[PDB]
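Protein chains in written order, with this note's numbering: chain A, 1 to 48; chain B, 1 to 434; chain C, 1 to 436; chain D, 1 to 435; chain E, 1 to 48; chain F, 1 to 63; chain G, 1 to 35; chain H, 1 to 282. Positions of the beta carbon are idealized from the N, C-alpha and C atoms, including for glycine.
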Amino acid sequence: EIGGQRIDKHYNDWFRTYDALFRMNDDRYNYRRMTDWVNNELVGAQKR
Amino acid sequence: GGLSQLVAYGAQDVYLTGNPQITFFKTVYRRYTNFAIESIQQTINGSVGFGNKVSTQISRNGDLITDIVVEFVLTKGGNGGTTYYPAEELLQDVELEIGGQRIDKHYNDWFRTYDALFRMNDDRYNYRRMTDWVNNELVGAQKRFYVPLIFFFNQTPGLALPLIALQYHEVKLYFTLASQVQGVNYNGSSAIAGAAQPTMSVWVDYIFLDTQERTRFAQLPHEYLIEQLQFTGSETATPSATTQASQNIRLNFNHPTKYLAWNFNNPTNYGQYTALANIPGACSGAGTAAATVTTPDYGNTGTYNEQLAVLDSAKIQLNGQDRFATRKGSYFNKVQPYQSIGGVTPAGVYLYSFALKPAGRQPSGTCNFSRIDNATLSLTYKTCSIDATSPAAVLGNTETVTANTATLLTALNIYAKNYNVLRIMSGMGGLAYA
Amino acid sequence: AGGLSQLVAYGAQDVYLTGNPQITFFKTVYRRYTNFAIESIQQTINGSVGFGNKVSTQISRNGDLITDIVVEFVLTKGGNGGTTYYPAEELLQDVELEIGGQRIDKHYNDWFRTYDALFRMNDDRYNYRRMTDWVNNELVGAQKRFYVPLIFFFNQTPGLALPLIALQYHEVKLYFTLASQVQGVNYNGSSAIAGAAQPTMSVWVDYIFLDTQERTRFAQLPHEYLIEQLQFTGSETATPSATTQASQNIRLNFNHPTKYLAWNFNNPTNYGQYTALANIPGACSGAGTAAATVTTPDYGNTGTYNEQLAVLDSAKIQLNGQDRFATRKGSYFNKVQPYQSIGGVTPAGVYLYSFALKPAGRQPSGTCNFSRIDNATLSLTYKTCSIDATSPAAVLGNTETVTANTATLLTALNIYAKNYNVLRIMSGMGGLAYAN
Amino acid sequence: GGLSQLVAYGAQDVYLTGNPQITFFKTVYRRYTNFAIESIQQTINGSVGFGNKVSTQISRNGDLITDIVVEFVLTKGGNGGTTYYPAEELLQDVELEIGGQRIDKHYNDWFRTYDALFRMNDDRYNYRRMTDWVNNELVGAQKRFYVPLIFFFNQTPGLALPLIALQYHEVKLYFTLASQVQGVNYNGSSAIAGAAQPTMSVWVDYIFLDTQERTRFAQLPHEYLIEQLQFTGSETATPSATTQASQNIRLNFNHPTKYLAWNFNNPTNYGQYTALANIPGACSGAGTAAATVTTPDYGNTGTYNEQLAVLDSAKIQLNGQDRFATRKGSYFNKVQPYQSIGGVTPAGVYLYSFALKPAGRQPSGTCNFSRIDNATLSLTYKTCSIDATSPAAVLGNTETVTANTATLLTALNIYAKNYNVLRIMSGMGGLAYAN
Amino acid sequence: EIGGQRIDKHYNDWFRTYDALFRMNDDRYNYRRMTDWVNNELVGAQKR
Amino acid sequence: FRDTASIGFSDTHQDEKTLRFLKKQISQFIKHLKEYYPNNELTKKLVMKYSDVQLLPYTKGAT
Amino acid sequence: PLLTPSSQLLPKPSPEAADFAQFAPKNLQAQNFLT
Amino acid sequence: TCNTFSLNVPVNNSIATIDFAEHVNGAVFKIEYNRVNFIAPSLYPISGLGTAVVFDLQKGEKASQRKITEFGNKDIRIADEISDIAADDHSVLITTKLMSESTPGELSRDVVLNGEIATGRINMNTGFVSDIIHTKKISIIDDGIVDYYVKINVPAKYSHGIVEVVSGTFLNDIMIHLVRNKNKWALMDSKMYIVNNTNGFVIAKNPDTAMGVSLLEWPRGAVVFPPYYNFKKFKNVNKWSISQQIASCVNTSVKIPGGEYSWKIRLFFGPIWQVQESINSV
């Protein structure tokens, strides 16, 4: 919101839908790297 | 049939229906400014928890602010009857500040007194439904609670805060949450292992106006006639036997005041304004061999039996002159709220009014304590010699003697509601009288 | 989004409600008022205070206007819990108010119960009980200070406060008649209670002190006050036994624009009993057990809501022989009339019919002027009193037109009328425009 | 004495008592129009009975009409605690027509919603006294019941129907009398043999005007600002287990609206807006070995325990955009009644207001659905995982769950109370707004 | 009722008093056969 | 829709008066011993008991 | 020529009542004279 | 009418006051001193006077009043000392009648000439008798001159007062006055309607023997000389008229408390030489 008026709102499913539709190639992969575990990591790992 | 009454027009009626001015059967409705009401969640600044202080700055979502409701998520650690307005005691201190200047400040005990005096019938019952566990539910039960605030702009739209024209000084509230909550964190002074921290949310109801009046609010200056609470707590002497005490208690009040409300409480048990006794609802286990008068049956902390109340008599004295003749304790618990409010005030809560209708918004009579150098309230106490464990005496003794367990009600809390004027001009708000 | 979206949704219908606005809700203006102070001043009672005694007080003149009057009683219990029923109201048999020697109004025992049982609502009726009874299962020997507010035209409202400042040459007095017997204090039924203490009474009046300019206004100018008065004479009823349905034609003798007629039937032995006794919970001493005595109430619960124990089957008011309305059953007068006209709850045995749209208010809202009729009759139809009151399965299991055999004890008929009158005050002297 | 504060006059007093405008202790009363109120019976058209439709034409026996009360005579087909507002259930509905156009319609379930929200303190208790058995009456007891109607003109004389001004119109009330009356005709769902048909009569309180007022009303046109109730029934989505169901309810309302109110109803147990549980007064036989959570303790059908309610949260959208941020079910059951009415509403009945004082009649804020293209009510349910027969689990649980028996509240009732204008001229009348 | 006004009200007891007082001779015998079972009818007999 | 010019609420011919109205008639007729005067004054006593009227005009558009 | 319904009033309304009242100035003056 | 006002009143200085030291009489005005005769029929205090002459037979000196008008229109709200319309019937409450040899007085409660009847274009006051109280005192002095003092009081006023209305014998054509600058006597009678301002130091009129009119005192709020309107003037036509105006129809905010205010006029007659010789004493 700006000044008290809501102008927009995004949802987790929307983020994934957007990732599903408009992020592509190396960029979609890089996104996945930032939001998930992509290297066969095991239980107990801590990730940023 | 009815026409037999219409024709029964006599001399006595020239004062009633001659030259009619009002017709009861015709109605005139008045056109108002289009507006909308919205409940919007505010951000709480700070870590929410027991004994913690947090604050919130009200986002200028709308044009005016009316009600504010504080929500709590609480889980009880006891069984049915181990709690008594836990949401109300948790909300320990609520301070209203506009631009650095304190406007008003409320205390959990004040909320209980207000509920004790001014909320009445189904309203007081629905209130408790919002703040307590009322259906004998058991340990582990969890639910969401609501404590509406009762500041000058919360109960009537006519005194709403016009944020639209209050742009330089922000409106914010400070919240202190009680470190001890009966039946949730402590049973008396004994901690309840595993008790969870509260979750809190502060919800504010905004008024949105249409274009024509919204501009008018934004540009013109405003003056609102508002209420403030005055408070400092004190300590009194309540003797057991052979001595009937009295004290001349010094008051700390200034602005035109509608009434003085008071109670005598047990600092460790929220809402206890009376002695505990081995009678129904007057203490834990009452009526059985397990009964004790050191611990209340908390869900029935309040009673209406004035026999367990401490005040024998009182009078307000202003600079040495008695402002009314000596009254006994039963007047201030029963008769004044009958005259001024029309409700049921529980035992131990006392009221003396200056206003004809202190429950209303329009001024109806005030005492201006700024013109009084030394205001005092003289209190005469009952002698606290009755053995609280013996119903034969607790339910059967004289009017001027009370229970020996009454000697614990050492905290004296005298509240006053005064008028002031809130002026908002060019974006800055503030009090007219310091 | 949000509330703004509801202003967007604006149309043709809305101009009717919000076009060219006349009011706003979010900037209220309060009218400034004449400065005043309230003070409670103790009055002196002439004569010894006691049971069956008549005393009076001369009203002092510390203030300008009188706004409320509260009578204080000190009583001790003559018995254990449940033996009393508004003893502070039984004790006060009547109050007569006069100005300059001219009677303005009078209240009765069994009126205070009628008013409390009819116009006072939940918290305010209970708090009233708190002021006049023992409501906490108190045992014999308990002592309490009881406060009986009076309900004259100038009481509990500032609007008609009696202007003593304008009654410079007239005396104002209250005459208090005290009971010879009070249930649970002096007698338990007809059995005297040894060692019963005499009451202590104090008459308190709440005075209004005015600021200088209005103080003067009242002293100099004439006043026309529109006031309430109570008219009452006691009647005899005709409660039936068996195989019969009684009726009465009780002719009324009332004389002023009247807001309403209210009435009940009572056992003169037991103050406030307006219903028959039955062997059901709270209705009799020992009710529900083998020790139950169906002829003696459980006094702390003398009033009930089960109209099955009341005697009125139906009623109609007639004016000059012409029916004022089509016959209504007793339940109309006990429940329907106060619902629509007052908004409270009336217990069984207490009945109301109104001429007024808002009889609980003080502004005229419809009156029947009995001063211009030949006669008014309250025609009563009674319930046949054939149910064996000692069987709870019987009194909780029967037809509309029957009631308990014990009902025949309700031998007194109390018909009250509440009217309007005008109190004229000029040159320091007061009095009624129309005698009453 | 009082002179102490009287003369204790300062700067802080100027805005309170300077240049006085009113004095509290001298009231001025207005002189009013000469009238009288009379109750007479109406003409009841049709056969009175269970499941039958009966029409009452309001006989033109006065100048203005205000209070209408329907009375019924019923007997108990069962013992104490088996009934729940039999007269309120019996009156399944009433609709008002003027000149043949529908002005309003109220339903037995609406009456419960209204009693749950707007009727409060002593009037609610006395109301029940008029419509139920409240003194533990046993089978065979006979009682006369009164059901005051709650049309726009039934609470205040100021909106009395100007029949004197309707010289060419008939005004009618069409009544539907229920086939299912709990504790009279059926004990639960089992018919009670020998139950008598109701006896009904409709009472109307007529206003008689004097000479000059009678003429003013007879000749001039009038505009009455009135209330209407909008209602269509729908179906709930109460869940089973492991989930929190939700559904989007499509609203079909018009006209300025004061508020939306709703409940979740058991279609077979009148007035049951909560789950049943083995808690005292929360089901038949509660607390004993005979307790069952399939049949209520009917005289105690209403409860204040929100844990037996099914609404977890609700939101209203205006043209698809959120009208306010999501709130939990206890907000609509406990707080709006507090903010807007000042009474207490039992669990399972919910209110959201658009108005500052919806209990009043002076317009104080409305949502005009005539200009809202898409109005949606979003309802989120509590998970119905608790075994109703174990009070340790029902009285010992959290905010997001309720009892398995909750899945019986299959009927969804969405109410809206709106404004309209009744225009009357030249002896004819009708509504100003139609949509 | 005529025009909203009550013109009269008769009770069975009045019909009995009128028949027992002003209707006389053969006319009353007929009335009795109009309102009763006269010619010794037994249980189950129907009469208009 | 229903043409019923009159209400039918006991207005039109019903004389609702308390018999003290007789004093009103005595004042108009001046003499109070009206036990016998009404027997010789039939024509005037009947005129004093008849009505006055008000009319409710409306105009509609013809097609 | 317009046709209208008739509202019949009857003479029964009667003329309206009057009321007159007053306190003689019994108070006169005080401390105006003494014997 | 508890009409209470705070600071919306100008300081109108009641420079003039009237009191009495005469005795009570019945209802006759028969007064003489130094051959000056004075007669009135008790219909009102003054009818005629002179030295073996009269100046009229009726319509002598009389005090009058005009309440607040729409804009000084005409004789609508005239609270006059006499019910002149009745002419023969003095339907006025005359409360005190003090007089002594050489000087009568009177104190009267006035009436509105139009009364309660709604006539002309606009309605009138409530009853015939009003609460406005006025007085007159006539002092005959050794030198052959007579001082006429009048009083008016009524609460919460801001209206128009009429000090004298005189309709003497039509033989009053020649009109001459001394200018306050003593520059000359100014003879002006051609208009027969002259509104004389403060320049008219004393005015005299005569067919042959003269009557002089010398105004002495009138109220004014001149304590600090505010701009508040307060002016006097003449309306001199065949009928002689003296008046004073407190305010125009309605000011921004104006009230007068309503205390006692009075006017002083010196009237005398005689040969035009003697009249002018006395005036020229200035």
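Where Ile46 (chain H) is concerned, there is no enclosing alpha helix (DSSP H), because DSSP gives it neither an H nor an E. In this structure, the straight-line span from the alpha carbon of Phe15 (chain E) to that of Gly79 (chain C) is close to 59 Å. With the rule of 3 Cβ pairs closer than 8 Å, the region 270 to 285 of chain B counts as touching the region 406 to 414 of chain B.
In the displayed model, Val48 (chain D) falls within coil according to three-state DSSP, outside both helix and strand. Ranked by how close their Cα comes to the Cα of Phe38 (chain H), the residues H:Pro219, H:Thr103, H:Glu260 have H:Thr103 in first place.
For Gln6 (chain C), the enclosing alpha helix (DSSP H) starts and ends at 5 to 8. Look at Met121 (chain C): its C-beta is under 8 Å from a C-beta on chain D.
Annotation: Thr76 (chain C) is outside any alpha helix (DSSP H); the continuous beta strand (DSSP E) that includes it extends over 65 to 76.
In this structure, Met201 (chain C) and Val71 (chain C) form a Cβ contact; the two beta carbons are roughly 7 Å apart against a cut-off of 8 Å. Here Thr384 (chain C) has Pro240, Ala242, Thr244, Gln245, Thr401, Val402 as same chain residues with Cβ atoms under 7 Å from its own Cβ, once five neighbours each way along the sequence are excluded. Counting only unbroken stretches of 3 or more residues, the beta strand (DSSP E) elements lying wholly within the region 185 to 246 of chain D are 199 to 209, 222 to 235, in sequence order. If you look at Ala291 (chain D), you'll find it isn't in any beta strand (DSSP E); DSSP assigns it neither H nor E. With a threshold of 8 Å between beta carbons, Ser7 (chain G) makes contact with chain D. DSSP places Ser39 (chain B) within a strand segment (E or B) once states are collapsed to three. Contact between the region 177 to 186 of chain H and the region 69 to 80 of chain H is absent, with fewer than three C-beta pairs closer than 8 Å.
Straight-line measurement puts the Cα of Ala309 (chain B) at about 9 Å from the Cα of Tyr381 (chain B). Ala63 (chain H) and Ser262 (chain H) do not touch by the CB rule: their CB atoms are close to 10 Å apart, not below 8 Å.
Between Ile40 (chain B) and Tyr206 (chain B), the beta carbon gap of about 6 Å places them in contact (Cβ cut-off 8 Å). Bridge partners of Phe264 (chain D) according to DSSP: D:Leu412. The straight-line gap separating the alpha-carbon atoms of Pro148 (chain B) and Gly302 (chain B) is approximately 21 Å. In the DSSP assignment, the residues bridged to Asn37 (chain H) are H:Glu32, H:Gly50. Going by DSSP, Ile272 (chain H) is part of no beta strand (DSSP E) but of the alpha helix (DSSP H) stretching over 272 to 279. Chain-order list of chain E residues neighbouring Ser10 (chain F): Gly3, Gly4, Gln5, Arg6, by C-beta distance under 9 Å. Counting C-beta pairs closer than 8 Å gives three or more between the region 429 to 436 of chain C and the region 163 to 181 of chain C, which meets the contact rule.
Here the region 312 to 332 of chain D does not lie against the region 291 to 301 of chain D, with fewer than 3 beta-carbon pairs under 8 Å apart.
For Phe35 (chain D) against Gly366 (chain C), the beta-carbon gap comes to about 6 Å, under 8 Å, which counts as contact. The Cβ atoms of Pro162 (chain B) and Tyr419 (chain B) do not sit closer than 8 Å to each other.
Note on geometry: alpha-carbon atoms of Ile18 (chain H) and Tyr228 (chain H) lie some 25 Å from one another. Close CB contacts of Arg323 (chain B) within its chain, under the 7 Å cut and outside five residues either way in sequence, are with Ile316, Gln317 (chain order). Burial check for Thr51 (chain H): the Cβ neighbour count within 10 Å stays below 16, so the residue is exposed. Between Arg214 (chain D) and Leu16 (chain B), the CB-CB gap reaches or exceeds 8 Å. In summary, the residues of the region 138 to 163 of chain C whose CB is separated from some CB of chain B by less than 9 Å are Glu138, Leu139, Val140, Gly141, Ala142, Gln143, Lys144, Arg145, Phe146, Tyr147, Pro149, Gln156, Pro158, in the order they occur in the chain.
By the Cβ criterion, the region 95 to 115 of chain H is not in contact with the region 195 to 214 of chain H, since fewer than three pairs of Cβ atoms, one from each stretch, lie closer than 8 Å.
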